Amino acid sequence: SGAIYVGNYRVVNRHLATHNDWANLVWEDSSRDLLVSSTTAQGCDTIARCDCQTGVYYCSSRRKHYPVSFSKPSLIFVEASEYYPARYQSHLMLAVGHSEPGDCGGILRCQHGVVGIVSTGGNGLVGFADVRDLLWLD
Ligand SMILES: CSc1ccncc1NC(=O)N1CCC[C@H](C(N)=O)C1
Ligand SMILES: [Zn+2]
């Protein structure tokens, strides 16, 4: 679990969005596993606008942060799950690092701000949904 809070927006994994997120929907994209909902309170986070390929992510299954080198956002094949059929997920960045399903929502940050959130993983890999291209979040 986990979310980014920026301005009057809450960014979550689309497969983990709540009834309240869908009732206050701003934008969603199943191909990116992202959903953004509106909030009444001002958010605590700021978004990176950069081309960093290194950063640090929070891993809830280890209660720890880990450093990572990650690929540029791209179209990656993701196997079927209880949430989606087998498909290509877009704007996804992969890295070597531990992750389990419940780790989705952990933030990846570089020195400039929030880069994205954990969205996929397996066998020593972790994948992050990029948010740096969503200029309207600011
Ligand atoms: C950190 S998620 C993870 C980690 C380790 N084994 C497996 C997984 N699970 C996954 O990758 N998925 C299940 C939830 C929906 C994800 C999607 N973005 O399509 C795919
Ligand atoms: Zn950066």
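Reading the values: rules and limits
Residues numbered from 1 in each chain as written, not as in the entry; some residues may be left out. Chains lettered and ligands numbered in written order. Heavy atoms only, no water. Pairing = 2+ DSSP bridges. Helix = DSSP H or I, 4+ residues; strand = E, 2+ residues; numbered from the N terminus. Axes fitted to C-alpha atoms, helices over the stretch in contact; angles between N-to-C directions. Salt bridge = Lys/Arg side-chain N within 4 Å of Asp/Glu carboxyl O. Buried < 20%, exposed > 50% of the residue type's maximum accessible area, 1.4 Å probe, protein only. Near = heavy atom within 4 Å. Polar contact = N/O pair within 3.5 Å; in protein donor to acceptor, adjacent residues only side chain to side chain. Areas by Shrake-Rupley, 256 points an atom, 1.4 Å probe, with all protein chains shown as cover.

Listed as the method for this PDB entry is X-ray crystallography; the listed resolution is 1.310 Å.

Visitor: A description of the sheet that holds strand β1 (residues 4-6) should follow, citing residues and the corresponding values.
Guide: With antiparallel pairing, the 4 strands of this open sheet are ordered in space as β1-β2-β4-β3. At either margin of the open sheet sits one strand with a lone partner, and together these are β1 and β3 (25-29). Geometrically, the sheet is characterised by an average inter-axis angle of 15° between neighbouring strands, direction not taken into account. Across 5 bridges, the pairing between strand β2 (residues 9-13) and strand β4 (residues 34-38) is antiparallel. Bridged to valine 11 within β4 is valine 36.

Visitor: Got a sec to walk through the pattern of salt bridges? Specific residues and values, please.
Guide: Pairing between side chains becomes possible if they bear opposite charge and their charged atoms approach one another. Going through the model one piece at a time under the given rule, you end up with 7 salt bridges. With a shortest N-O distance of 3.0 Å, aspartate 45 and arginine 109 are connected by a salt bridge. Here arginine 109 lies in strand β9 (residues 107-110) and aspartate 45 lies in the loop between β4 and β5 (54-59), a separation of 64 residues in the sequence. Its relative accessible area of 35% is what places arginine 109 among the partly exposed residues. Residue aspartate 138 pairs with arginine 49 through a salt bridge whose shortest N-O separation is 2.8 Å. One end of the pair, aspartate 138, is in the segment after β11 (125-130); the other, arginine 49, is in the loop between β4 and β5, with 89 residues separating them in the sequence. For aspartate 138, a relative accessible area of 65% corresponds to the exposed category. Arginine 49 gets classed as partly exposed once you look at its relative accessible area, which sits at 33%.

Visitor: Which residues make up the sheet that holds strand β10 (residues 113-122), and what values go with them?
Guide: Sheets are built from strands that pair by backbone hydrogen bonding, the pairs being arranged parallel or antiparallel. Taking strand neighbours across the sheet as the criterion, the 7 strands line up as β6-β5-β9-β10-β11-β8-β7 in an open arrangement whose pairing is antiparallel. Either end of the sheet is taken by a strand with one partner, and the two such strands are β6 (64-69) and β7 (74-78). Averaged over all adjacent pairs, the angle separating strand axes in this sheet is 50°, with direction ignored. Relative to β6, β5 runs antiparallel, the two being bridged by 6 bridges.

Visitor: Outline the site of ligand 1, listing residues and values.
Guide: The local shell around ligand 1 holds 17 residues, among which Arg87, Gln89, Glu100, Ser119 and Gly121 are the closest. One nitrogen or oxygen atom from the side chain of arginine 87 is found 3.1 Å from an oxygen atom belonging to ligand 1. With respect to ligand 1, the backbone of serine 119 contributes an N or O atom lying 3.0 Å from a nitrogen atom. Starting from 470 Å² of accessible surface for ligand 1 in isolation, the protein chains cover 87%. Broken down by secondary-structure element, the contributors of at least two residues to the shell around ligand 1 are β8 (87-96) and β10. The greatest single-element share of the shell around ligand 1, amounting to 5 residues, is contributed by β10.

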